[PDB]
Every structure is written in C-alpha cells, then in structure tokens.
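Read on for two forms of one protein chain; each stands alone as structure tokens, with the labels structure 1 and structure 2.
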Structure 1
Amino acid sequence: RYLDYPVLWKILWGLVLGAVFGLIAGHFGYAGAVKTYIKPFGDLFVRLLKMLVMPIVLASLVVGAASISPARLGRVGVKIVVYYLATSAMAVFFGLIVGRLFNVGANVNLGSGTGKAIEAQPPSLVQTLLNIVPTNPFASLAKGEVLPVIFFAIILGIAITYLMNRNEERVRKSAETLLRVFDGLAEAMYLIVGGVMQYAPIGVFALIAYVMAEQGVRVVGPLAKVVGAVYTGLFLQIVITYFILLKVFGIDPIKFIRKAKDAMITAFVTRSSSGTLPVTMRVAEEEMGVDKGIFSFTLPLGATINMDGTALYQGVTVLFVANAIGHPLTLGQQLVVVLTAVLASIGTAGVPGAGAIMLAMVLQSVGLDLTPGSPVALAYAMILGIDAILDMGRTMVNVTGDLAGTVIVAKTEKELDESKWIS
C-alpha cells in the first residue's frame, strides 16, 4: 500500500529520517541495536544492486559496442579519459585548497622526527594494464572484474556488428540472435533496477542510520574539522568543476543534478560506486537520454578509474597528516601530491582495497611513511575513525563525476536526447 507514494520523495524522506534517527540512536548509545536490527535492510538493498552490476554491465556494453562504430568508440574513450584525468586533478586541487582553508589537523600537535624507513613498491602499472585483457572471460565474470568484462564486451559487440554485415544469411541470423539475447538480458536488468528502486528508500534510511549511529559521535574536534573540509571540497567540486564544465559544453547543471539525484543518493548511502552502477546507468538512459553506446562504456570505466571524491579526500587527509605531525607541505610537495594522486588512480585500476593503497602512495610521495607506531600512522588511524562519514560523500561525488563526464561526451558526440531537457 506504500508503493503508491512517489519514489523520490520516499528516498529523500528515508535519507533525512535515517540521518536524524542514527544521530539520535548514537547519542543514546543504541548503535549496536541499529547494527543488529536496522542494518540488515540496507545490506539487502546493497546486495540487490550488486546482484545486477555484472549482467547489466556485460549486456549493456555488448549492445552499446554493437550500436556504434569502433572509431567513434575510440574517440569517446579518448574524450572520457581526458575528462577523467582533468577532473581528478581538479578534485585534488580543490581538496588541498579546502584543507588549507580549514587548517585540518593543526591542533593535533604530534611530534615527528626526520626518520625514514623504506617501504614496498606500488602494484605495477604494466601488470594492471595487461590485467585489463582477461585470460578467461567467464572467470572475470565470476570474479566481478569490471575492466576485463568491459574489454571483452566491447570486442564481442564489435565482432557481432561486423558479422551482421556479411553476405551469408545464416551468419547474420546467428549474430542477430546473439545480440537479441544480450538485449533482452539488458532490458530485464534495467527493469529490475527500477523494481529495486521501490525498496530503495528503506535501504537508504537503514544505511544512513547505521553510519550516523556508528560514527556520529566521532565528528568532534579535529575529525569534525576534517569532515567539514571534505564535504565543503566535494560541494565545490560539484558546484565549480562540474557546473562550469557542464555550462561550457552547454548542459543545464540544475537539470543534471535533478536527474542524477537517484544515483547520487544511492552512491551516498551504499558508498560503492560499482554497486551504484545499475542505478547510475538507468539514470543515464531513462532520465538524461544518453545513448547506450556511450554510457554502457563510460559508466563502468568511470566507476573504476574516476573518483573525484576520493582524490579530494586524499588531498584533505594528506594536508591533515602533514599538519598533525607538524611538517606542513611545501608547494612543490602539493604538486607532487596532485600528480601522484592522478597517476595512482590510473595505476590502481581495478585492484581491491585501492583506497588504502592510493592513500599510502600519496603519503609516501611526499615522504610521509606509514611505519607502525609512528605519528604518521597515528594520524592516518585518526582519519580512518570517520572513514564511513567521509566515504558517503566521496562515493557520491565519484558517481556524479562519472555522470557529468558521460553527459558531456554524449553532448559532444550528438548522442544526447535533447527532448528530455525541455519543459
């Protein structure tokens, strides 16, 4: 009887009520009760979306790569990769600026020497690039590996179209049947995404409630200042980077935000961009009128290697650690931070646990090593205390950047349905 209420209002109600409920439950210490009785519903929501992530990616990208020329696909790839790199660098820049504004970690007052102990190397860029090419596509499917599925789906769709243009009719009909199987699978997946969005408000409520209950009490003092800095920086990344980039390429930013709100809230509460990918793709298709041959390629790739929010978070935490141990970063050191954050977002393409590897890389780049028992590790552990509070906002901005780049590239390729943007 509740399905009749509109979904977007229900999701916003769940968000607001879960935030307030979690704060109130953590203020009275019932956070364990929230983890035991309320959290499983949000976990169910996240499982329902993660269920859809792999089939929708495989099928939608086979279809899209079929419904597009290889030259256009490569041009779109170059465009979207340039967008991703530029926006990530801008996110690190905004993170450093907002950190210097908030003066994060200035009152932690830890003593640190000039000692330096050599650590291990980051995972090889070459091996990750080779790992883009799978050695068993069924295996990469079972393992949830996005980038190799992207590669295989693109190759499969291109082969299918080249087969549909043959003289023999049996070959054409076989390729047509195969493409129909993928299209029916994709349609079913998007249908199910729409179905799951009906339960989405409950999961939104439960997830925001659990996070607020477990980490609301920790947002005081310097960690509170960190939270304020990170969220301000994210806000700027949307309102300056994304809005100016959308106006430069002629897209109404407010309509963009209104359409993306669903993927935004899903990413904010699930804190997993790849797990928001189904809602993100459904917003790209059935809200913004982006063609499948664009978003079916850019959105998984973007969920994997485009995290503006993570880059801004890294800029803030590196300023925090440097100011907390008492060695503020020189200008050239912050330039190294930006360069290393972008190159490390690239180099960490699809590995698990990439957040901490990237953060360790950025810290090591300026000579802040995570030796155990050292003040640097201490400040890093301080930051990790509010990691979920930060993860919400950073994942939201990651998905929002994915969508903005998708829309910009689609507008530049005239693959954007303008009829969705006129009132």
Structure 2
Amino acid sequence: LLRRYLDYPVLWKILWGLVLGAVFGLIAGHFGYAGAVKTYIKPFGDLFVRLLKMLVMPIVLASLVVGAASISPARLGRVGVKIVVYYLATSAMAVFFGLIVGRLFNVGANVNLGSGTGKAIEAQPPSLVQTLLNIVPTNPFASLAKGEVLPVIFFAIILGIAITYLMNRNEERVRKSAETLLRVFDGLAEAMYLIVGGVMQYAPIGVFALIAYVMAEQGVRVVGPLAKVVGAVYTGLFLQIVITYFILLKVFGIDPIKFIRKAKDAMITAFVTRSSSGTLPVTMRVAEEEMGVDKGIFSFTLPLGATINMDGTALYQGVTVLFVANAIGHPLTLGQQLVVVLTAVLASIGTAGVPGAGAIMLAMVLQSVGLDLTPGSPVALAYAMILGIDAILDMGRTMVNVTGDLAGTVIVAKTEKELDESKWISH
C-alpha cells in the first residue's frame, strides 16, 4: 500500500490529508477514542513536525547568507522597510477584523460574575531596548544551538554582506576564499531545500495525523459559547485573507487566486504544526519553487515575518478579550478593547511563531489589566474555557500568518523586480 499512496497525484494529496484527518478526528473523539488517536495516529504527525524542525536552522542560516550576498545592502535595507510597512498595514486591518467579528458574533453570552478587584499592578513597564539589543547574538554558535531565529538572521545578513565585499576585493586569494565560503552555504541551503521536498512526500500522512489528534481532543469542545469564539476567529481569518491579502496582492498586480494555490502547502503545514518557524522550510521552498521569489528577498522577509507578524495575534486577542469581558459581565467599550489588543500586539512583537502563543499572551493581558485569576474565580473560568479550545484557535492563528508572510514576500519581491513572472504563467 506504500506504492498505492505515492502514485496517487500529489497536487491535492496534502489537502485530502487535512479534510480526511479532521473528519476522522471528530468521529474518533465523538465516540470516545481520542486516546487511541494519541497513541496510534499522532506519532506519525510528531514525526512530520520533527523532520521540519530539523531543517529550520540550516535552511535559515544558509539561505540568508547566500541571499544577503546576492543583493546589495541598500536594497536589503529597502526590503526591510517595505516588509515592515507591509506588516504594520496588515496588522492594522487584523485589529479591525478582530474587533468587528468578535462583536458580530457577540462572543460570551454565558454568565459568571466579577469585575475585579485588583490585584493592582503597574507593571514592568514594557521596555523594548533589551529586546532590540538581544537581536545581536553575543555568540552566533550559541544562537544556532539554541535555535534563536532572530540573532541568526542578524549574523547571516552581516556575514552575507561581508562576503560580497570580499569577493569584490583586489587580492585573488581573498576573493577565492570568500567565494568558497559562499559556495558552502549555497551547497547547504540547496541540500536543505532538497530535503524539504522529500519531507513533503510524507506530509499528507503527517498532516492527517496532526489534524486528527487536534480534532479528536478539542473538536468535541467546540459547542455553545466556544463555538461562537471559533466561528468569530475563523471568520476573522477568512476576512484577513480574502480582503486584506487579496486587495493588496491585486493592488500590486498579483493574481490572488494564483497565490492561494501556490501557498497551500505552506498554509496547511502552518495550520497543523501551529508554528511559523517550524513551517519555514516549507514556506521558503514554496516561495522558491511556486512563487518564484528570489532568495534575495524571501531568505530575509520570511524568517523575519515568522517572528514579527502581528496579524494572528490581533485576531486572537480581539476575539478572546471580548469573550472574557462578556463572560464576566465587565463592560468594555470599543475603544478600551482597541487599547487592550494594541498593547498585547505591541507586547508580542519579538516572539516567533510557537504553539500555545495567544493563550499565554491572553493570560498576561488579563493579569496586567488587574483581573483576578485565582482558581475558581470567574476570569480563571473564562480563561480556562478559551485555554481548552486553544489548539483549534492556534491552527488558524498560525495559518493566517504564514499566508500573510507569503503575500508580503511576494509583494515586496514584485516591487523589487525579484519575482519571476514565468512561474505565474499557467497552461
């Protein structure tokens, strides 16, 4: 049957894995068997996840050294500004859709009570300076072993830049050594991209396994009030994709329907693995094989976007903060909701995509606003209710971000004329 699996056409095969996994998950959970799914099905999904994590640091280091050597510093600076401007614009929309859909569904019509008290807290206050200095790795070997994406990005860019300067120096020995070094990262990045392609042979089984477990454990819990939270958040995702990303792509002359079909492997993988960083090898290959984006762009914008994209956060916090407020009957005006989500968005920036993100962040938000989280308390209850569906929300939060990352990469690539247009011609 190993041969019957592989010879089935691979174009949609991963997407079959998703729907069949999700159905199998729901049925298994509804009938009690979510324990069996955890034992027998999930290790196959954990395997998919490990194989992709294995590739993240090599592919990020090697692609960005090769990439940053390939482009001049001035243009790299301009890509940096373009992708940040992009991420501000789209997070502004994400906050908007976060506020609207939460209120449309009017999340939280169940009843606990408390308004407080504090628990009066100040607190930190949230000083970014050390977050910024920490971008510079003090030991680039240590950042690789510890898996720190942002200091590795910084080291890869300066090394890549320096290499190109050396290759333009007069001394031949200097040019040849720098080029040998550049070739090694080219060889390594290339090998990593090859492995991704092989791992993606396994992906439909892995995608099946992961989505099955999530559905078996937390599917049965989407009912009543929490069904409206899932509905609101997923509507928010849908709007962010088909409005914010589609209009911006169209404004810049990219066919948005072509985009989605090229993104699907990145989007589904982001959905089940619930990690922007762990999806990077897939998102980066998609940017290469499918979108036709030059490594000079995506080797920077994608790993950067995996840590700074605020879109999924704004949607999650917008919906879940309202759910908590209505559940405990705390009056929250629209502007006050905006202030809360913005401080959670600002507080989240540096953090890379990691499972269990917004639930941890939501808990911080409730504490900093002075709410009582002691066990048994109404807010502890509302928080626990969100916590129990958190994976179902995490999948959507992660999936909307990688899509936004690809969109912003493709857009900036186009504005730089680093987008290969032949990849977008269909037969």
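Reference numbering: structure 1, starting with residue 1. In this text, the rigid core denotes the largest set of C-alpha atoms whose superposition between the two forms falls within 1.5 Å.
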Candidates 106, 78, 132, 181 - which moves between the two structures, C-alpha at least 2 Å, core fixed: 106
Large Cα shift (2 Å or above) at residue 270 between the two structures, core-fitted: no
Rigid-core frame, C-alpha of residue 387, shift of 2 angstroms or more between the two structures: no
Core-aligned CA displacement of residue 55 at least 2 Å between the two structures: no
Cα displacement of residue 352 between the two structures, once the rigid core is superposed (Å): 9.8
For residue 377, CA displacement between the two structures after the core is overlaid, in Å: 3.0
Distance moved by the residue 366 C-alpha between the two structures (core-aligned, Å): 5.8
